[PDB]
>>> print(open('model14.cif').read())   # mmCIF, N, CA and C atoms
data_target
#
loop_
_atom_site.label_atom_id
_atom_site.label_comp_id
_atom_site.auth_asym_id
_atom_site.auth_seq_id
_atom_site.Cartn_x
_atom_site.Cartn_y
_atom_site.Cartn_z
N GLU A 637 92.54 107.49 114.53
CA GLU A 637 91.90 107.40 113.22
C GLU A 637 90.82 106.33 113.21
N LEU A 638 91.25 105.06 113.26
CA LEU A 638 90.31 103.95 113.24
C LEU A 638 89.56 103.82 114.56
N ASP A 639 90.27 104.03 115.68
CA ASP A 639 89.62 104.05 116.99
C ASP A 639 88.62 105.19 117.08
N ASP A 640 88.95 106.33 116.48
CA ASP A 640 88.08 107.48 116.34
C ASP A 640 86.95 107.25 115.34
N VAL A 641 86.94 106.11 114.66
CA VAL A 641 85.80 105.65 113.90
C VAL A 641 85.05 104.55 114.65
N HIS A 642 85.77 103.74 115.42
CA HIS A 642 85.15 102.61 116.11
C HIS A 642 84.32 103.06 117.31
N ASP A 643 84.69 104.17 117.95
CA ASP A 643 83.83 104.70 119.01
C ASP A 643 82.53 105.32 118.49
N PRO A 644 82.49 106.06 117.37
CA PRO A 644 81.18 106.38 116.77
C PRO A 644 80.41 105.17 116.28
N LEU A 645 81.08 104.06 115.99
CA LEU A 645 80.37 102.82 115.71
C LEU A 645 79.61 102.34 116.94
N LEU A 646 80.16 102.59 118.13
CA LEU A 646 79.42 102.34 119.36
C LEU A 646 78.30 103.35 119.55
N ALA A 647 78.47 104.58 119.05
CA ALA A 647 77.55 105.66 119.35
C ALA A 647 76.15 105.41 118.79
N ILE A 648 76.05 104.95 117.55
CA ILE A 648 74.74 104.67 116.98
C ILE A 648 74.26 103.29 117.41
N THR A 682 73.05 89.56 117.88
CA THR A 682 73.39 90.29 116.67
C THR A 682 74.31 91.46 117.00
N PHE A 683 74.24 91.93 118.23
CA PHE A 683 75.12 92.99 118.70
C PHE A 683 76.48 92.38 119.00
N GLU A 684 77.53 92.97 118.40
CA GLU A 684 78.89 92.44 118.32
C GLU A 684 78.90 91.06 117.66
N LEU A 685 78.00 90.82 116.72
CA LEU A 685 78.24 89.75 115.77
C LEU A 685 78.19 90.29 114.35
N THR A 686 77.04 90.85 113.97
CA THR A 686 76.90 91.46 112.66
C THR A 686 77.49 92.86 112.68
N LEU A 687 77.23 93.59 113.77
CA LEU A 687 77.79 94.92 113.96
C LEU A 687 79.31 94.89 114.04
N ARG A 688 79.86 93.82 114.62
CA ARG A 688 81.31 93.69 114.70
C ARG A 688 81.93 93.43 113.33
N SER A 689 81.21 92.75 112.44
CA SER A 689 81.70 92.53 111.09
C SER A 689 81.58 93.76 110.20
N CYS A 690 81.04 94.87 110.72
CA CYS A 690 81.13 96.16 110.05
C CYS A 690 82.38 96.93 110.43
N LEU A 691 83.06 96.55 111.52
CA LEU A 691 84.32 97.21 111.88
C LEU A 691 85.42 96.82 110.91
N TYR A 692 85.45 95.55 110.50
CA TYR A 692 86.51 95.05 109.63
C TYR A 692 86.61 95.70 108.24
N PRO A 693 85.54 96.19 107.58
CA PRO A 693 85.76 96.92 106.31
C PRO A 693 86.57 98.20 106.41
N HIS A 694 86.58 98.87 107.57
CA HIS A 694 87.27 100.15 107.66
C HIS A 694 88.77 99.98 107.61
N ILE A 695 89.29 98.94 108.26
CA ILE A 695 90.71 98.65 108.17
C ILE A 695 91.07 98.02 106.83
N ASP A 696 90.11 97.38 106.16
CA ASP A 696 90.31 96.90 104.81
C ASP A 696 90.35 98.04 103.81
N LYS A 697 89.45 99.01 103.97
CA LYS A 697 89.39 100.16 103.08
C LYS A 697 90.67 100.97 103.12
N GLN A 698 91.29 101.06 104.30
CA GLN A 698 92.62 101.67 104.38
C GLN A 698 93.64 100.86 103.60
N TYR A 699 93.61 99.53 103.76
CA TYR A 699 94.64 98.67 103.19
C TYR A 699 94.61 98.69 101.67
N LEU A 700 93.40 98.62 101.09
CA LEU A 700 93.27 98.73 99.64
C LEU A 700 93.69 100.11 99.15
N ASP A 701 93.59 101.14 100.00
CA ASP A 701 94.16 102.43 99.64
C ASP A 701 95.68 102.36 99.58
N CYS A 702 96.30 101.68 100.54
CA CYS A 702 97.75 101.66 100.61
C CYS A 702 98.33 100.77 99.53
N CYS A 703 97.82 99.53 99.43
CA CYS A 703 98.36 98.56 98.47
C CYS A 703 98.17 99.03 97.04
N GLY A 704 97.03 99.67 96.75
CA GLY A 704 96.82 100.23 95.43
C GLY A 704 97.77 101.36 95.09
N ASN A 705 98.24 102.09 96.10
CA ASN A 705 99.20 103.14 95.82
C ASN A 705 100.57 102.58 95.52
N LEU A 706 101.04 101.66 96.38
CA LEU A 706 102.36 101.06 96.22
C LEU A 706 102.47 100.33 94.90
N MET A 707 101.42 99.58 94.53
CA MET A 707 101.37 98.92 93.22
C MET A 707 101.50 99.90 92.08
N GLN A 708 100.99 101.13 92.24
CA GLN A 708 101.17 102.14 91.22
C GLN A 708 102.63 102.53 91.09
N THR A 709 103.32 102.73 92.21
CA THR A 709 104.66 103.29 92.11
C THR A 709 105.73 102.22 91.95
N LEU A 710 105.35 101.00 91.60
CA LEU A 710 106.31 99.98 91.20
C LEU A 710 106.16 99.52 89.76
N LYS A 711 104.93 99.41 89.24
CA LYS A 711 104.77 99.00 87.84
C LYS A 711 105.17 100.12 86.89
N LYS A 712 105.09 101.36 87.35
CA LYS A 712 105.78 102.50 86.76
C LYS A 712 106.71 103.00 87.84
N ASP A 713 107.79 103.71 87.44
CA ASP A 713 108.85 104.16 88.35
C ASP A 713 109.53 102.96 89.01
N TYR A 714 110.54 102.40 88.32
CA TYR A 714 111.21 101.10 88.57
C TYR A 714 110.32 99.94 88.15
N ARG A 715 109.90 100.00 86.88
CA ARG A 715 108.93 99.12 86.24
C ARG A 715 109.30 97.65 86.25
N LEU A 716 108.59 96.87 87.07
CA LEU A 716 108.70 95.42 87.07
C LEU A 716 108.28 94.84 85.73
N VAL A 717 107.16 95.35 85.20
CA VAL A 717 106.46 94.70 84.10
C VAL A 717 107.26 94.82 82.81
#
>>> encode(input="model14.cif", output="structure tokens")
Amino acid sequence: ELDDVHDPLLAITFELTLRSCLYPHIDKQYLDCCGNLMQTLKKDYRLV
């Protein structure tokens, strides 16, 4: 998944600024996951 994105990142300052573009992709996954889990706890076994 991510490796299958990081090799097209090679396909198209080198490994300094370009390397700091790799880190958003694993962040974008994480905000997808954490935002989902937060949904299914504040409702469905409501903490709040």
>>> select_by_dssp(input="model14.cif", residues="chain A", states="alpha helix (DSSP H)", output="PyMOL selection string")
chain A and resi 639-647+692-711
>>> write_last_selection(input="model14.cif", atoms="N, CA and C atoms", output="PDB file, in the coordinates of the input")
ATOM      1  N   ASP A 639      90.270 104.030 115.680  1.00  0.00           N
ATOM      2  CA  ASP A 639      89.620 104.050 116.990  1.00  0.00           C
ATOM      3  C   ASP A 639      88.620 105.190 117.080  1.00  0.00           C
ATOM      4  N   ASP A 640      88.950 106.330 116.480  1.00  0.00           N
ATOM      5  CA  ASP A 640      88.080 107.480 116.340  1.00  0.00           C
ATOM      6  C   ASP A 640      86.950 107.250 115.340  1.00  0.00           C
ATOM      7  N   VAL A 641      86.940 106.110 114.660  1.00  0.00           N
ATOM      8  CA  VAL A 641      85.800 105.650 113.900  1.00  0.00           C
ATOM      9  C   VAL A 641      85.050 104.550 114.650  1.00  0.00           C
ATOM     10  N   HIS A 642      85.770 103.740 115.420  1.00  0.00           N
ATOM     11  CA  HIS A 642      85.150 102.610 116.110  1.00  0.00           C
ATOM     12  C   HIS A 642      84.320 103.060 117.310  1.00  0.00           C
ATOM     13  N   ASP A 643      84.690 104.170 117.950  1.00  0.00           N
ATOM     14  CA  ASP A 643      83.830 104.700 119.010  1.00  0.00           C
ATOM     15  C   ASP A 643      82.530 105.320 118.490  1.00  0.00           C
ATOM     16  N   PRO A 644      82.490 106.060 117.370  1.00  0.00           N
ATOM     17  CA  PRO A 644      81.180 106.380 116.770  1.00  0.00           C
ATOM     18  C   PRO A 644      80.410 105.170 116.280  1.00  0.00           C
ATOM     19  N   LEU A 645      81.080 104.060 115.990  1.00  0.00           N
ATOM     20  CA  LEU A 645      80.370 102.820 115.710  1.00  0.00           C
ATOM     21  C   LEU A 645      79.610 102.340 116.940  1.00  0.00           C
ATOM     22  N   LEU A 646      80.160 102.590 118.130  1.00  0.00           N
ATOM     23  CA  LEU A 646      79.420 102.340 119.360  1.00  0.00           C
ATOM     24  C   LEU A 646      78.300 103.350 119.550  1.00  0.00           C
ATOM     25  N   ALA A 647      78.470 104.580 119.050  1.00  0.00           N
ATOM     26  CA  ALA A 647      77.550 105.660 119.350  1.00  0.00           C
ATOM     27  C   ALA A 647      76.150 105.410 118.790  1.00  0.00           C
ATOM     28  N   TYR A 692      85.450  95.550 110.500  1.00  0.00           N
ATOM     29  CA  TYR A 692      86.510  95.050 109.630  1.00  0.00           C
ATOM     30  C   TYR A 692      86.610  95.700 108.240  1.00  0.00           C
ATOM     31  N   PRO A 693      85.540  96.190 107.580  1.00  0.00           N
ATOM     32  CA  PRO A 693      85.760  96.920 106.310  1.00  0.00           C
ATOM     33  C   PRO A 693      86.570  98.200 106.410  1.00  0.00           C
ATOM     34  N   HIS A 694      86.580  98.870 107.570  1.00  0.00           N
ATOM     35  CA  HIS A 694      87.270 100.150 107.660  1.00  0.00           C
ATOM     36  C   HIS A 694      88.770  99.980 107.610  1.00  0.00           C
ATOM     37  N   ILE A 695      89.290  98.940 108.260  1.00  0.00           N
ATOM     38  CA  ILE A 695      90.710  98.650 108.170  1.00  0.00           C
ATOM     39  C   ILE A 695      91.070  98.020 106.830  1.00  0.00           C
ATOM     40  N   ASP A 696      90.110  97.380 106.160  1.00  0.00           N
ATOM     41  CA  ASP A 696      90.310  96.900 104.810  1.00  0.00           C
ATOM     42  C   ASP A 696      90.350  98.040 103.810  1.00  0.00           C
ATOM     43  N   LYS A 697      89.450  99.010 103.970  1.00  0.00           N
ATOM     44  CA  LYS A 697      89.390 100.160 103.080  1.00  0.00           C
ATOM     45  C   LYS A 697      90.670 100.970 103.120  1.00  0.00           C
ATOM     46  N   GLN A 698      91.290 101.060 104.300  1.00  0.00           N
ATOM     47  CA  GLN A 698      92.620 101.670 104.380  1.00  0.00           C
ATOM     48  C   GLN A 698      93.640 100.860 103.600  1.00  0.00           C
ATOM     49  N   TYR A 699      93.610  99.530 103.760  1.00  0.00           N
ATOM     50  CA  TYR A 699      94.640  98.670 103.190  1.00  0.00           C
ATOM     51  C   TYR A 699      94.610  98.690 101.670  1.00  0.00           C
ATOM     52  N   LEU A 700      93.400  98.620 101.090  1.00  0.00           N
ATOM     53  CA  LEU A 700      93.270  98.730  99.640  1.00  0.00           C
ATOM     54  C   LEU A 700      93.690 100.110  99.150  1.00  0.00           C
ATOM     55  N   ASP A 701      93.590 101.140 100.000  1.00  0.00           N
ATOM     56  CA  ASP A 701      94.160 102.430  99.640  1.00  0.00           C
ATOM     57  C   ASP A 701      95.680 102.360  99.580  1.00  0.00           C
ATOM     58  N   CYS A 702      96.300 101.680 100.540  1.00  0.00           N
ATOM     59  CA  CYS A 702      97.750 101.660 100.610  1.00  0.00           C
ATOM     60  C   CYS A 702      98.330 100.770  99.530  1.00  0.00           C
ATOM     61  N   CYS A 703      97.820  99.530  99.430  1.00  0.00           N
ATOM     62  CA  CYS A 703      98.360  98.560  98.470  1.00  0.00           C
ATOM     63  C   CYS A 703      98.170  99.030  97.040  1.00  0.00           C
ATOM     64  N   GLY A 704      97.030  99.670  96.750  1.00  0.00           N
ATOM     65  CA  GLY A 704      96.820 100.230  95.430  1.00  0.00           C
ATOM     66  C   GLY A 704      97.770 101.360  95.090  1.00  0.00           C
ATOM     67  N   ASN A 705      98.240 102.090  96.100  1.00  0.00           N
ATOM     68  CA  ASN A 705      99.200 103.140  95.820  1.00  0.00           C
ATOM     69  C   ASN A 705     100.570 102.580  95.520  1.00  0.00           C
ATOM     70  N   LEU A 706     101.040 101.660  96.380  1.00  0.00           N
ATOM     71  CA  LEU A 706     102.360 101.060  96.220  1.00  0.00           C
ATOM     72  C   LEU A 706     102.470 100.330  94.900  1.00  0.00           C
ATOM     73  N   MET A 707     101.420  99.580  94.530  1.00  0.00           N
ATOM     74  CA  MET A 707     101.370  98.920  93.220  1.00  0.00           C
ATOM     75  C   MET A 707     101.500  99.900  92.080  1.00  0.00           C
ATOM     76  N   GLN A 708     100.990 101.130  92.240  1.00  0.00           N
ATOM     77  CA  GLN A 708     101.170 102.140  91.220  1.00  0.00           C
ATOM     78  C   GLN A 708     102.630 102.530  91.090  1.00  0.00           C
ATOM     79  N   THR A 709     103.320 102.730  92.210  1.00  0.00           N
ATOM     80  CA  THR A 709     104.660 103.290  92.110  1.00  0.00           C
ATOM     81  C   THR A 709     105.730 102.220  91.950  1.00  0.00           C
ATOM     82  N   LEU A 710     105.350 101.000  91.600  1.00  0.00           N
ATOM     83  CA  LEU A 710     106.310  99.980  91.200  1.00  0.00           C
ATOM     84  C   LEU A 710     106.160  99.520  89.760  1.00  0.00           C
ATOM     85  N   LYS A 711     104.930  99.410  89.240  1.00  0.00           N
ATOM     86  CA  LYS A 711     104.770  99.000  87.840  1.00  0.00           C
ATOM     87  C   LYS A 711     105.170 100.120  86.890  1.00  0.00           C
TER      88      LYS A 711
END
>>> resolve_selection(input="model14.cif", expression="the PyMOL selection byres (((chain A and resi 641 and name CA) around 12) and name CA)", output="VMD selection string")
chain A and resid 637 to 640 642 to 648 690 to 695
>>> axis_aligned_box(input="model14.cif", around="region 647-688 of chain A", padding_each_side="8 Å", output="lines of an AutoDock Vina configuration file")
center_x = 77.5
center_y = 97.6
center_z = 116.0
size_x = 24.9
size_y = 32.1
size_z = 22.7
>>> atom_distance(input="model14.cif", atom1="CA of residue 700 (chain A)", atom2="CA of residue 682 (chain A)")
27.5 Å
>>> atom_distance(input="model14.cif", atom1="atom N of residue 705 (chain A)", atom2="atom C of residue 689 (chain A)")
23.4 Å
>>> atom_distance(input="model14.cif", atom1="atom N of residue 713 (chain A)", atom2="atom C of residue 701 (chain A)")
17.2 Å
